[PDB]
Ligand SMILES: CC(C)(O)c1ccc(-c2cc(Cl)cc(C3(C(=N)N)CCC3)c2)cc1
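Next up: just one chain, as structure tokens, the form solved without this ligand.
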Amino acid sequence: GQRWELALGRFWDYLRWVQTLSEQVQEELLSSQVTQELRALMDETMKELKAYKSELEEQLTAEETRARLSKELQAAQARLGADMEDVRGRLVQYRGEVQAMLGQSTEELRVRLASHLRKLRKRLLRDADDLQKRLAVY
């Protein structure tokens, strides 16, 4: 229950809501509200993540190994940020495709988005787990 975990949890809960593609989700998806609110949550998560790592380095248990673990951690951090950006990007894409439909039914478009989001979210949880496991030793 660390700070950065609570932040990610809020990003994750918000994303779970979006996955439902409910009436309200849809409303905010055609505006920039969902992607904007997701960016704020992502920024907060990365911000707390950096602060946490910084504080962790204050009580660390050779050099080559330390430099390797710090780089491996840095990579996991990047994967997660990238993951969150990929989700945002996919949602931005959705918004554009609906506009391209010129008013046509978006049922099928939503079916595809739903399936893709599920996979992007799988990857995000997978990387978050990896990142947490790496911080656990660090």
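From 1 onward, residues are counted along the sequence shown.
Just so it is clear, the following notes concern the form solved in complex with this ligand, a form of the same protein that is not shown.
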Is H116 close enough to touch this ligand in the deposited complex, meaning at least one heavy atom pair within 4.5 Å? no
Flag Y138 as yes or no: does it have a non-hydrogen atom within 4.5 angstroms of any non-hydrogen atom of this ligand in the deposited complex? no
Using 4.5 Å between non-hydrogen atoms, is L125 touching this ligand in the deposited complex? yes
Taking heavy atoms and a 4.5 Å limit, what residues of 4-34 are near this ligand in the deposited complex? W4, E5, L6, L8, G9, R10, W12, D13
